[PDB]
Amino acid sequence: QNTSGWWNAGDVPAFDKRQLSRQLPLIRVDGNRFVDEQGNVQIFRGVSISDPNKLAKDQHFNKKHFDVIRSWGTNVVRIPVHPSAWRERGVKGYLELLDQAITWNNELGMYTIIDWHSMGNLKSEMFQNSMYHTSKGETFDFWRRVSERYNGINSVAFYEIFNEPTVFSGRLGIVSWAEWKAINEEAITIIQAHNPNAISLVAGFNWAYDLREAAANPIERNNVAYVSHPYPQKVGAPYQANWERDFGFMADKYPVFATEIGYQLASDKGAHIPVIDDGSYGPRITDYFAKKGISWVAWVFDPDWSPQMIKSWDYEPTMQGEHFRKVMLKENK
């Protein structure tokens, strides 16, 4: 942290919007669903890239990477900004990556989710791992900078406050839904004061799985949607009834953006709980979300991070890539 940390970074040059030729339709929350300016329901079906910091190191942070994503039918790209990578590149250096990613998405007709990709208990400052480490100050500062910088770019529609809240059964300490609600409310006040049209994606606990505590005491802000990460082994059979109880019912009251789903075989690279399945979860979760009108983002247009959507940098789809591509090609554009 010279002039690269959130608390000491210099003036940051504004984003030059003369790189953009495209203004996608403005999305807003209307009760239960996302709608455009005509009140037509929008459903988003897309992919997470890996952290731009990793893409740039791997030499695949280029237009071709984003053209392939678009060619899969993708109408939304999720950008998981790891606070670790934000510190490694510094504020200025990281915003150059994020500007370029957003430019490529925008020109290809794809909406963006900016995801502050942490994991654990922000209030108590206990994270799954050092790569997720952040603070309330750094988190608020990030949302202050990106909400202002991308204000008026309709394609940058969604602001995902904090990827995966969890206390890991007390290993990461204690936080009530009430305390988490207050932190989300402050983050959304920051976002809306810089960016009147920003939609905010709010998560509950058990790694952004549960929405029952959210439903009982919802975020008192406009333009809010609720996140779940219903990975294959978060619950067992019967799947649809369990999903409905835990998060799906929330789609009746607010839009639900399942910002991570994915799956691979127990034999596939980096296979771990809760991402292991025989392949039946793919159609099951996709069909469930079609019945419910739920937006979703498959985890990870990357050949290294698990579960993989692509087998290598030749961009051949994996089992999960094949399935999500088929659904995005049929049901999106």
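Residues numbered from 1 in each chain as written, not as in the entry; some residues may be left out. Heavy atoms only, no water. Residues with missing side-chain atoms left out of burial classes, pairs and counts.

Judging from the entry metadata, X-ray crystallography is the method by which this structure was determined, and 2.182 Å is the reported resolution.

1. Some words on the overall build of the protein
Our working rule: Runs of H or I in DSSP of at least four residues are treated as helices and runs of E of at least two as strands, each being numbered from the N terminus. Any pair of residues with heavy atoms lying within 4.5 Å of one another is described as a contacting pair.
Check the secondary structure of the protein and you find 10 helices and 14 strands. When contacts within the protein are restricted to residue pairs at least 6 apart in sequence, long-range pairs at least 24 apart make up 77% of them.

2. Some thoughts on the pairing of strand β6 (residues 111-116)
Remember that side chains alternate between the two faces of the sheet whenever the strand is regular. As a reminder of what qualifies: Burial classes: relative accessible area under 20% of the type maximum marks a residue as buried, over 50% as exposed, and values in between as partly exposed (1.4 Å probe, protein chains only). The path from the first strand over the helix to the second decides the hand: if it runs clockwise while the strands point away from the viewer, the crossover is right-handed. Any two strands are treated as partners once DSSP identifies two or more bridges connecting them.
Most of β6 sits out of view: six of its six residues are buried. Residues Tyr111, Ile113 and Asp115 point to one face of β6 and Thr112, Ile114 and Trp116 to the other, with burial holding for every one of them. As for the winding sense of the linkage, the β-α-β connection from strand β5 (residues 76-81) through helix α3 (residues 83-107) to β6 is right-handed. Summarising the sheet, β6 and strand β9 (residues 156-160) pair through four bridges and their orientation is parallel. Considered in β9, the bridge of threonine 112 is made with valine 156.

3. With respect to the sheet that holds strand β3 (residues 41-42)
With respect to topology, three strands assemble into an open sheet ordered β1-β2-β3, the strand pairing being antiparallel. Only two strands of the sheet have a single partner each, and these edge strands are β1 (28-30) and β3.

4. Regarding the pattern of salt bridges
Think of it this way: side chains of opposite charge can pair up when their charged atoms draw near. To be explicit about the condition: Definition used for salt bridges: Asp or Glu carboxyl oxygen within 4 Å of a side-chain nitrogen of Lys or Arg.
Under the definition given, this model contains 24 salt bridges. When the shortest N-O distance is used, the salt bridge between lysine 181 and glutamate 220 registers 2.8 Å. Of this pair, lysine 181 sits in helix α5 (residues 177-194) while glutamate 220 sits in the loop between α7 (212-216) and β12 (224-227), and the two are 39 residues apart along the sequence. Among the residues examined, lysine 181 registers a relative accessible area of 9% and is labelled buried.

5. Overview of the nonpolar core
Our working rule: Side-chain atoms within 4.5 Å link the members of a nonpolar core, which is a set of buried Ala, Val, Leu, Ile, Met, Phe, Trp, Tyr and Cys residues.
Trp143 and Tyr150 are the most contacted members of the largest nonpolar core, which totals 82 residues. The element contributing the most residues to this core is α3, with 10 residues. Those residues within four positions of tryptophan 143 in sequence are excluded, and the remaining contacts are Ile114, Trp116, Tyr159, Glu160, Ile161, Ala187, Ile190 and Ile191.

6. Notes on helix α4 (residues 136-149)
Every α-helix winds through 3.6 residues per turn, so residues three or four apart in the chain are directed the same way. So the rule is basically this: By definition here, a helix of n residues has an expected span of 1.5 Å times n minus one.
For α4, built from 14 residues, the straight-helix expectation of 20 Å at 1.5 Å per residue is met to within 8% by its first-to-last C-alpha distance of 20 Å. Counted residue by residue, α4 has 10 buried out of 14 residues, so it is predominantly covered. Where α4 is concerned, the buried positions are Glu138, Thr139, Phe140, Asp141, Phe142, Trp143, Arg145, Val146, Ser147 and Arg149.

7. What about the sheet that holds β6?
Which entries qualify depends on this criterion: All axes here are fitted lines through C-alpha atoms, helices being fitted over the stretch that makes contact, and every angle between N-to-C directions spans 0 to 180 degrees.
The sheet built from eight strands closes into a barrel, its strands ordered β4-β5-β6-β9-β11-β12-β13-β14 with parallel pairing. For this sheet, the mean inter-axis angle between neighbouring strands, taken without regard to orientation, is 25 degrees. Relative to β12, strand β11 (residues 199-203) runs parallel, the two sharing four bridges. Directly across from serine 200, in β12, lies its bridge partner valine 224.

8. Some words on the packing of helix α9 (residues 281-292) against helix α10 (residues 319-331)
So the rule is basically this: In this scheme, roughly parallel covers angles under 35 degrees and roughly antiparallel covers those over 145, while 65 to 115 is roughly perpendicular and the rest are oblique. The crossing is said to be left-handed when, going from far helix to near helix, the turn is anticlockwise and less than a right angle, and right-handed when the turn is clockwise.
Direction vectors running N to C along α9 and α10 enclose 30 degrees, while the axes themselves pass 9 Å from each other. For the element pair α9 / α10, the angle class is roughly parallel. The crossing of α9 and α10 is right-handed. Between α9 and α10, the contacting residues are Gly282, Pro283 and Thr286 on the first element and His323, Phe324 and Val327 on the second.

9. Observations concerning the side chain of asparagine 242
Relative to the helices and strands, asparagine 242 is located in helix α8 (residues 239-246). By relative accessible area, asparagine 242 is classed as buried at 14%. Excluding anything up to four places from it in sequence, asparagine 242 contacts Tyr209, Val235, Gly236 and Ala237.

10. Looking at the packing of aromatic side chains
Let me state the cut-off plainly: Classification of ring pairs rests on two measures: the distance between centres of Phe, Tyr or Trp rings, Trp counted by its six-membered ring, which must be within 6.5 Å, and the angle between planes, read as stacked under 30 degrees, edge-to-face over 60 and tilted in between. Note on criteria: charge over ring means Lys NZ or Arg CZ within 6 Å of the ring centre, with the direction from the centre no more than 35 degrees off the ring normal.
Summed over the entire model, instances satisfying the criterion amount to 35 aromatic pairs. Plain terms: the ring middles of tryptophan 296 and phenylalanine 324 are 5.2 Å apart, the flat faces sit at 45 degrees to each other, and that makes the pair tilted. Placement of the pair is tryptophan 296 in strand β14 (residues 295-301) and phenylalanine 324 in helix α10, with a sequence separation of 28 residues. Neither residue differs from the other here; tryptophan 296 and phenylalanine 324 are each classed as buried. The cationic tip of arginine 171 hangs over the ring face of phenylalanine 168; the distance from NZ or CZ to the ring centre is 5.4 Å. Directly above the aromatic system of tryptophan 72 lies the positively charged group of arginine 325, at a separation of 5.4 Å from the ring centroid.

11. A word on the environment of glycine 282
If you trace the backbone, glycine 282 turns up in helix α9. Under the relative-accessibility criterion, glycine 282 is labelled buried at 0%. Those residues in contact with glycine 282 that lie beyond four places of it in its chain are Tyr263 and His323.

12. Looking at the environment of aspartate 141
Just so we agree on the cut-off: In the analysis that follows, any N or O atom pair within 3.5 Å is treated as a polar contact, provided that within protein one partner can donate a hydrogen and the other can accept it, and provided that, for residues neighboring in sequence, both atoms belong to side chains.
Within the element layout of this structure, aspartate 141 appears in helix α4. C-alpha separation for the pair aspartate 141 and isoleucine 190, spaced 49 residues apart in sequence, amounts to 9.1 Å. At 2.8 Å, the side chain of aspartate 141 forms a polar contact with the side chain of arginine 145.

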